[PDB]
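# Task: produce atomic coordinates for the following.
(chains A, B, C, D and E, ligands or ions: 30)
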Amino acid sequence: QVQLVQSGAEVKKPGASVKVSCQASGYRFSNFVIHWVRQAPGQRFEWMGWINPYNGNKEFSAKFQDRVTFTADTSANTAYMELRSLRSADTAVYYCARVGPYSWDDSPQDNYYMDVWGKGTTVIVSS
Amino acid sequence: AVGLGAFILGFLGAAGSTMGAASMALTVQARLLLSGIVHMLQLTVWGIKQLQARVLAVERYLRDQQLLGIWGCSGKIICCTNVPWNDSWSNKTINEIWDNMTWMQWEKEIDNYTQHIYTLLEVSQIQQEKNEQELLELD
Amino acid sequence: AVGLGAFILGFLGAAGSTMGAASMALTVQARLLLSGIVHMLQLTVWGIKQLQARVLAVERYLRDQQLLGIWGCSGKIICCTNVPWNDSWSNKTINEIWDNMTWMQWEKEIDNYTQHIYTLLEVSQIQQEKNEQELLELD
Amino acid sequence: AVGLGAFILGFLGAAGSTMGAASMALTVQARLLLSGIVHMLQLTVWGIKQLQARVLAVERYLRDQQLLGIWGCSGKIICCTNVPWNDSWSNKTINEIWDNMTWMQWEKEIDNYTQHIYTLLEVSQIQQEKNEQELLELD
Amino acid sequence: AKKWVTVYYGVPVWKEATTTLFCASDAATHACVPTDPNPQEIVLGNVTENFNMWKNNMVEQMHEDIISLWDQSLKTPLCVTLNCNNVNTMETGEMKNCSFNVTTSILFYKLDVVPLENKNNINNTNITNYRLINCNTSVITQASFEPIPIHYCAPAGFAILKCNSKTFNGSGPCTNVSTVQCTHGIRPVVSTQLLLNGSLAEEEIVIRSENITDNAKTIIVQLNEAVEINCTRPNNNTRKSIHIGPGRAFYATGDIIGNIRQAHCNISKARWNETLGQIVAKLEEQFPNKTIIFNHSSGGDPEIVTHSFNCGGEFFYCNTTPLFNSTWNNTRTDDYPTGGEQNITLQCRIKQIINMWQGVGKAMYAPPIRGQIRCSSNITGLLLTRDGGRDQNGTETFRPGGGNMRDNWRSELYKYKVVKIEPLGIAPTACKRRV
Ligand SMILES: *[C@@H]1O[C@H](CO)[C@@H](O[C@@H]2O[C@H](CO)[C@@H](O[C@@H]3O[C@H](CO)[C@@H](O)[C@H](O[C@H]4O[C@H](CO)[C@@H](O)[C@H](O)[C@@H]4O)[C@@H]3O)[C@H](O)[C@H]2NC(C)=O)[C@H](O)[C@H]1NC(C)=O
Ligand SMILES: *[C@@H]1O[C@H](CO)[C@@H](O[C@@H]2O[C@H](CO)[C@@H](O[C@@H]3O[C@H](CO)[C@@H](O)[C@H](O)[C@@H]3O)[C@H](O)[C@H]2NC(C)=O)[C@H](O)[C@H]1NC(C)=O
Ligand SMILES: *[C@@H]1O[C@H](CO)[C@@H](O[C@@H]2O[C@H](CO)[C@@H](O[C@@H]3O[C@H](CO)[C@@H](O)[C@H](O)[C@@H]3O)[C@H](O)[C@H]2NC(C)=O)[C@H](O)[C@H]1NC(C)=O
Ligand SMILES: *[C@@H]1O[C@H](CO)[C@@H](O[C@@H]2O[C@H](CO)[C@@H](O[C@@H]3O[C@H](CO)[C@@H](O)[C@H](O)[C@@H]3O)[C@H](O)[C@H]2NC(C)=O)[C@H](O)[C@H]1NC(C)=O
Ligand SMILES: *[C@@H]1O[C@H](CO)[C@@H](O[C@@H]2O[C@H](CO)[C@@H](O)[C@H](O)[C@H]2NC(C)=O)[C@H](O)[C@H]1NC(C)=O
Ligand SMILES: *[C@@H]1O[C@H](CO)[C@@H](O[C@@H]2O[C@H](CO)[C@@H](O)[C@H](O)[C@H]2NC(C)=O)[C@H](O)[C@H]1NC(C)=O
Ligand SMILES: *[C@@H]1O[C@H](CO)[C@@H](O[C@@H]2O[C@H](CO)[C@@H](O)[C@H](O)[C@H]2NC(C)=O)[C@H](O)[C@H]1NC(C)=O
Ligand SMILES: *[C@@H]1O[C@H](CO)[C@@H](O[C@@H]2O[C@H](CO)[C@@H](O)[C@H](O)[C@H]2NC(C)=O)[C@H](O)[C@H]1NC(C)=O
Ligand SMILES: *[C@@H]1O[C@H](CO)[C@@H](O[C@@H]2O[C@H](CO)[C@@H](O)[C@H](O)[C@H]2NC(C)=O)[C@H](O)[C@H]1NC(C)=O
Ligand SMILES: *[C@@H]1O[C@H](CO)[C@@H](O[C@@H]2O[C@H](CO)[C@@H](O)[C@H](O)[C@H]2NC(C)=O)[C@H](O)[C@H]1NC(C)=O
Ligand SMILES: *[C@@H]1O[C@H](CO)[C@@H](O[C@@H]2O[C@H](CO)[C@@H](O)[C@H](O)[C@H]2NC(C)=O)[C@H](O)[C@H]1NC(C)=O
Ligand SMILES: *[C@@H]1O[C@H](CO)[C@@H](O)[C@H](O)[C@H]1NC(C)=O
Ligand SMILES: *[C@@H]1O[C@H](CO)[C@@H](O)[C@H](O)[C@H]1NC(C)=O
Ligand SMILES: *[C@@H]1O[C@H](CO)[C@@H](O)[C@H](O)[C@H]1NC(C)=O
Ligand SMILES: *[C@@H]1O[C@H](CO)[C@@H](O)[C@H](O)[C@H]1NC(C)=O
Ligand SMILES: *[C@@H]1O[C@H](CO)[C@@H](O)[C@H](O)[C@H]1NC(C)=O
Ligand SMILES: *[C@@H]1O[C@H](CO)[C@@H](O)[C@H](O)[C@H]1NC(C)=O
Ligand SMILES: *[C@@H]1O[C@H](CO)[C@@H](O)[C@H](O)[C@H]1NC(C)=O
Ligand SMILES: *[C@@H]1O[C@H](CO)[C@@H](O)[C@H](O)[C@H]1NC(C)=O
Ligand SMILES: *[C@@H]1O[C@H](CO)[C@@H](O)[C@H](O)[C@H]1NC(C)=O
Ligand SMILES: *[C@@H]1O[C@H](CO)[C@@H](O)[C@H](O)[C@H]1NC(C)=O
Ligand SMILES: *[C@@H]1O[C@H](CO)[C@@H](O)[C@H](O)[C@H]1NC(C)=O
Ligand SMILES: *[C@@H]1O[C@H](CO)[C@@H](O)[C@H](O)[C@H]1NC(C)=O
Ligand SMILES: *[C@@H]1O[C@H](CO)[C@@H](O)[C@H](O)[C@H]1NC(C)=O
Ligand SMILES: *[C@@H]1O[C@H](CO)[C@@H](O)[C@H](O)[C@H]1NC(C)=O
Ligand SMILES: *[C@@H]1O[C@H](CO)[C@@H](O)[C@H](O)[C@H]1NC(C)=O
Ligand SMILES: *[C@@H]1O[C@H](CO)[C@@H](O)[C@H](O)[C@H]1NC(C)=O
Ligand SMILES: *[C@@H]1O[C@H](CO)[C@@H](O)[C@H](O)[C@H]1NC(C)=O
Ligand SMILES: *[C@@H]1O[C@H](CO)[C@@H](O)[C@H](O)[C@H]1NC(C)=O
Ligand SMILES: *[C@@H]1O[C@H](CO)[C@@H](O)[C@H](O)[C@H]1NC(C)=O
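Numbers count the residues shown, from 1 in each chain, chains lettered A, B, ... in the order given. Ligands and ions are numbered 1, 2, ... in the order given. Provided below are the atomic coordinates:
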């Protein structure tokens, strides 16, 4: 079945580079778009961008313009997420999601509603 | 150009034939050569590429005939050294090598030992250039 | 390119001069070389044909210098063997050959005997590679 | 092509390096080669001129390897003769030549003596081709 | 008889090496010399050289130097909020075609628009707003695409070993190896889920993969019958010639000359039966006691599920769902025309903004063609994939997939490799050096 398994926790110092990874198992990773969202304790979810492993098309939100970069490996069925700078306010639980299948009767963006999620890894800046 | 091995280099035999039959058919082919008995734009560009393939093979040949001087085989095709063939380097009984294996199967047989034999040839040559040199210093 | 015999091959002398005068004038010409003392479309096509005439002569030279290994003259110009010159092969008294006949008249003199002498050279070489080889097997 | 001296000829070393370091770095560079371990109109005219520079250097190489037969060094790179080195020809103590002077400074050191040593090599070779020849006539 | 080591020079030993091969073609024109008028080929003989089309270092040489020449012919975004509506009309249902607002101072068919809505009080009037599909992509450049049979040749010092055994499977040894200095005609046509204008086989339909028992590996299927296809655009577009900038062109073509016939394709259903009937007959060999079920592709990006074309200069994206659509229990069965044989069609969509060259990400703009567009090609290959599922009850489902872009070229470079000639080799004998 379709399942996304993320890596373990990664407690790093502020100013380091956290490398969160995803892993596709029950489908062909080179055909679906992977999303990354952020969840802080008590706050709301927040989109961080997406990567298209098929054609290498990348798009990230304006809030994380020069802070988060996206890289993916097709031959290993894994999606990576690098962080340039850190801050104590970034202590949150990172996720990983997968877009839905495309139908013949809809717009090219009506099928990006994050169907399959992943077991969310957590990062701590100062413990 | 002798032997007809379909390549410019690799003239000591044809790929596919055994090691023994390539040398027995080489001397027979060599006797017949010493005795001497029997568009334009796409033609001027490919006339150059056939020359660059032949001139490069001549330069590699003349270079390698002099690089073999470290082994005492300077300017030779079928050389002969004095390094004892170790039995652990695929013994195989000499008459069974030339009559059954070709050059492709033999290189895959001692692939792990060619880098070690190449060092023993240089050591044995320095001993020849030292023992035969001290004999002249005594006079 | 030495000797100036108007051809690429055939450098050991000039056609017309005698056999003896071609060698005496070759060493004199060789001393001066070691000492070192002193349209476009029709030009790019004939620049290739002059290269194909020189590269082919180099490949024939390098091939023949190694094919002479069957006679023990591997890589030599003026070799020297140990086959006894039969008197029935146009005796002519050695000093009269080099001083009167050129290379053209001499080849027409032993035209019927070159195919027989070429076989005696190979037989005499195998005896050298067999007698001088058994001396090492005794040790 | 071995040694990388930026020229086609002059492959026994690089200009600038000393005489001793050019030979010590040549055998090391030679071990890595025997082991084998690791527009169109302006392109067809300059493809020919690069060939004419390489074919001419090959013809000069093959000619000079045979012209050295007057000195007994026929077909060799690093030859060795038996002419006694005169002390008046810039003595310099052998270990100080190879470790301090390059090939450019050494040629300017014996520029007045190269024409005299070239004649002594030919005289000493004729004695070798005469003394070693009379020994066979006695049999 | 004591043995002794002897070095020989001129041994025919081969060594596989990599290099930068040079192109060759008849007429895209830079660095490509004309074709060889004397294509020499020498059959070696009794040689068995192990080939491997999956670990070949030549496909990377063809994947490169083809994005490079593609980039040489492309040396601009202007993403503004659009405004459009449905067009005033085997039939076209919804194809938005309108004009936008301010360019500098005071027709995008369907797969290059993203709906939006402002925060004003015009919500009671239903005023929709669009956006370009690659509005937040890195570089959006703008420019005839005709595949020329490029021939790769070996440089000085290297050779090419082309096998000739008609029973290829991708790897393993060969028995009829011949040397060539160049190669056959290679058409650099880009497409997914189907290989157009390829090279047919000499025997029955052969399949090939790196590991047939694996699911992530692409299963390339080479046919032996040139199945034709007839894709065309029966509409008629007129060049608008919108100039935006100091001497810059742009062409958002469109005209109402009966914009009701949707572009489609036609495939001979009678010929399509004989092809799939032989494929299942071959797939049953490696997969015994199983039902070779064919199925619909996956989803995500619209350029993945659909087939990619190139007809005179326009790119077509066709829904390949009517193709294969069956179960196929035994060999050559489960037909569905009930006596029809009425040209099974494929509905197609047409894009203008193209996510050029899968893997990097740098879009481009395709200039439209004035008038009717009609193309015809030969379906010679097939790209497939296996769904590894634990619900396997003797029904291994296959999908068209598309895989990587390099797989479109491994179906043409599977016959040869590039080797180097190592001339020296050692061997023992009974001679001894005199000392
Ligand atoms: C698979 O291979 C086939 C066989 O080559 C190929 O079909 C070819 O398609 C091209 C493109 O449509 C055809 O070329 C055209 O032919 C007509 C009539 O001969 C010409 O008038 C055309 O020239 C005009 O159009 C060009 C493009 O706009 C302009 O640049 C030009 O100046 C003219 O205005 C054009 O040359 C060709 O005839 C067919 N060949 C056959 C045999 O049908 C098919 O496209 C290939 N498939 C793929 C996916 O590539
Ligand atoms: C391309 O177009 C085709 C047809 O318009 C789409 O294929 C259709 O896909 C659906 C589900 O994916 C199939 O529906 C199901 O069919 C079964 C059997 O007919 C029926 O019993 C179910 O109730 C259900 O409706 C449908 O059969 C299938 N059509 C065909 C002809 O195979 C396809 O989805 C389109 N492509 C994309 C990417 O959407
Ligand atoms: C092994 O491969 C070689 C090619 O590398 C095969 O040789 C080819 O054989 C076919 C027919 O057997 C030849 O086709 C015809 O040849 C004649 C000969 O003149 C020609 O006039 C025809 O127009 C036609 O081309 C083909 O030329 C030939 N190719 C070569 C390079 O010789 C051989 O048959 C294969 N053997 C096996 C057992 O597979
Ligand atoms: C081709 O693949 C598609 C999807 O890639 C298959 O369509 C979907 O198949 C699944 C598996 O059977 C269906 O899920 C099941 O549906 C039943 C319906 O009641 C439900 O009760 C189960 O819990 C389960 O979710 C799914 O419905 C189906 N999609 C649709 C739209 O029907 C398709 O079956 C494959 N083709 C063939 C011939 O199998
Ligand atoms: C993606 O591109 C759009 C432009 O189409 C960007 O939207 C602009 O955002 C800025 C910031 O508020 C506004 O001032 C502009 O008016 C917007 N443009 C339009 C046309 O409305 C968007 O920011 C881009 N995304 C990123 C992450 O940079
Ligand atoms: C391609 O064919 C070759 C030979 O027909 C296959 O090689 C043999 O495969 C069988 C079983 O797969 C082994 O038992 C043999 O030992 C193999 N022989 C050799 C010489 O390797 C090869 O496996 C086939 N490859 C594919 C992908 O089908
Ligand atoms: C080709 O794929 C098959 C299955 O897709 C591989 O067989 C499995 O190999 C793994 C790892 O060795 C084992 O844990 C499984 O038990 C094997 N499957 C079965 C059914 O035994 C096979 O190893 C692959 N071969 C190559 C060369 O990649
Ligand atoms: C696709 O179009 C081509 C023509 O461009 C069709 O080819 C013709 O087919 C008929 C028989 O169906 C032959 O009699 C003709 O000789 C063919 N034309 C040529 C030039 O040879 C082809 O049949 C069409 N395919 C389909 C599935 O309709
Ligand atoms: C299947 O499609 C082909 C298209 O190639 C149809 O062939 C056309 O038939 C009409 C009527 O006879 C002709 O006017 C066209 O010229 C044909 N096309 C070509 C390219 O020649 C064929 O009729 C279709 N099959 C059926 C059963 O309708
Ligand atoms: C593709 O084939 C289809 C047949 O399946 C053609 O559609 C029919 O075309 C005929 C004309 O030959 C019309 O009389 C019918 O009304 C059409 N029927 C349907 C259901 O479309 C279609 O014209 C062919 N297209 C091309 C370009 O050849
Ligand atoms: C596509 O397939 C058709 C049919 O296989 C090819 O048409 C053949 O073309 C040759 C040369 O023009 C003719 O000698 C044959 O008679 C044609 N076949 C038929 C059935 O008439 C066509 O050349 C193929 N196109 C490409 C690009 O390969
Ligand atoms: C190759 O083998 C065939 C028999 O399989 C034989 O007829 C032929 O002479 C062989 N060729 C060579 C060059 O050994
Ligand atoms: C031969 O190989 C064996 C390996 O066991 C080694 O001990 C021995 O020294 C080798 N002899 C020579 C002459 O290389
Ligand atoms: C190897 O060649 C010999 C002939 O010298 C032959 O007797 C023997 O059978 C061959 N070996 C094999 C495995 O066929
Ligand atoms: C060389 O040795 C390794 C292990 O020592 C072995 O795996 C390999 O097969 C050997 N090489 C050849 C050509 O057999
Ligand atoms: C050829 O003979 C003439 C006399 O007839 C003479 O003058 C000339 O020097 C000779 N040339 C050669 C090369 O012997
Ligand atoms: C020389 O020729 C005569 C022919 O009368 C022949 O009898 C003799 O054996 C030959 N001698 C040699 C050494 O060839
Ligand atoms: C030398 O041979 C010739 C025949 O070519 C003969 O006429 C002559 O008498 C021979 N000379 C002697 C001294 O026998
Ligand atoms: C042959 O040359 C000699 C000089 O070595 C000469 O005396 C003699 O006259 C020449 N022969 C003829 C026929 O002129
Ligand atoms: C070779 O001998 C034949 C007869 O035995 C004779 O006619 C011919 O002239 C001789 N060859 C030459 C070059 O004299
Ligand atoms: C040349 O001399 C410089 C020091 O001035 C040194 O760094 C360099 O390695 C030398 N190069 C060679 C080729 O001797
Ligand atoms: C060495 O040079 C001196 C010059 O004074 C000279 O007299 C002597 O003969 C020379 N010796 C040799 C062997 O050249
Ligand atoms: C060596 O020669 C130089 C002249 O080049 C001379 O000055 C020096 O004294 C000589 N050395 C000896 C030990 O005589
Ligand atoms: C020449 O080289 C030696 C080392 O071999 C060094 O001691 C000496 O200083 C060098 N000569 C000069 C003038 O530097
Ligand atoms: C050669 O000798 C002359 C005078 O005998 C002298 O002027 C010249 O400098 C010497 N050559 C060199 C290279 O020193
Ligand atoms: C369109 O452009 C006009 C100026 O020509 C401007 O007034 C208007 O606000 C623009 N509309 C939008 C939605 O930006
Ligand atoms: C397509 O449109 C152009 C211009 O609108 C017109 O000249 C041409 O006749 C049209 N095509 C057909 C087939 O009517
Ligand atoms: C397929 O199933 C039948 C029935 O169990 C069995 O006899 C047969 O051996 C199976 N096929 C294979 C290839 O194992
Ligand atoms: C396959 O597709 C065609 C055309 O879309 C359709 O008529 C047919 O019913 C389909 N076959 C099956 C088995 O659904
Ligand atoms: C498809 O081919 C098979 C092969 O025998 C046949 O049984 C079946 O009836 C065919 N279907 C059609 C529609 O031609």
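# alpha carbons only for contacts and neighbour counts from here, please
Will do.
# residues in contact with residue 118?
Going with chain A. If a contact means CA atoms under 8 Å, 6 or more residues apart in numbering or on different chains, then residue A:118 has A:3, A:4, A:5, A:6, A:22, A:95, A:96, A:97 as its contacts.
# my question was about chain E
Going by CA under 8 Å, 6+ apart, residue E:118 touches residue E:129.
# Which pair in the contacts of residue A:118 has the greatest spatial separation?
The two members of these with the most space between them (CA to CA) are A:3 and A:95, at 13.1 Å.
# Those two: who's more crowded?
More crowded of residue A:3 and residue A:95, by other CA atoms under 10 Å in any protein chain shown: residue A:95, with 23 against 16.
# Which residues are in contact with the closest residue to the more buried one other than its chain neighbours?
Nearest non-adjacent residue to residue A:95, counting by CA to CA, 6 or more residues apart in numbering or on different chains: residue A:120, 4.6 Å away. Counting by CA under 8 Å, 6+ apart, residue A:120 makes contact with A:6, A:93, A:94, A:95, A:96.
# Could you work out the most separated pair of those?
The span of those, defined through CA to CA, is set by A:6 and A:93 at 11.7 Å.
# hmm, the lengthiest helix in chain E touching ligand 30?
Secondary structure assigned by DSSP state H gives helix E:269-286 as the longest helix of chain E. Yes. Using CA under 6 Å from any ligand atom, helix E:269-286 reaches ligand 30 at E:270, E:273, E:274.
# I'd like to know which of these are buried.
Burial by neighbour count, 16 or more other CA atoms under 10 Å in any protein chain shown: within the residues of helix E:269-286 next to ligand 30 this picks out residue E:273.
# and the residue lying closest to residue A:111 once chain neighbours are set aside, how many neighbours does it have?
Nearest non-adjacent residue to residue A:111, counting by CA to CA, 6+ apart: residue A:100, 5.2 Å away. Residue A:100: 19 surrounding residues under other CA under 10 Å.
# same check, this time on residue E:241
When neighbours are counted by other CA under 10 Å, residue E:241 registers 11.
# and stretch E:273-281, C-alpha only, in PDB?
Output of stretch E:273-281 as PDB, limited to C-alpha atoms (Å, rounded to 0.1, in the frame of the first residue of the first chain):
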ATOM      1  CA  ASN E 273      -5.000  -6.600 -31.800                       C
ATOM      2  CA  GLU E 274      -2.100  -8.500 -33.500                       C
ATOM      3  CA  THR E 275       0.500  -6.400 -31.600                       C
ATOM      4  CA  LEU E 276      -1.000  -6.900 -28.100                       C
ATOM      5  CA  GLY E 277      -1.800 -10.500 -28.900                       C
ATOM      6  CA  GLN E 278       1.900 -11.200 -29.400                       C
ATOM      7  CA  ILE E 279       3.000  -9.100 -26.400                       C
ATOM      8  CA  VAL E 280       0.900 -11.100 -24.000                       C
ATOM      9  CA  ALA E 281       2.200 -14.300 -25.600                       C
END
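# Mind telling me which residue of chain B is nearest ligand 23?
Across chain B, no residue is closer to ligand 23 than residue B:137, which sits at 22.5 Å (CA to the nearest ligand atom).
# Quickly note the distance from the residue nearest to residue A:111 to residue E:321.
18 Å (CA to CA, to the nearest Å).
# cool, residue B:123 as well?
Going from residue B:123 to residue E:321 by CA to CA gives 72 Å.
# Same question for residue B:40.
Distance from residue B:40 to residue E:321, by CA to CA: 52 Å.
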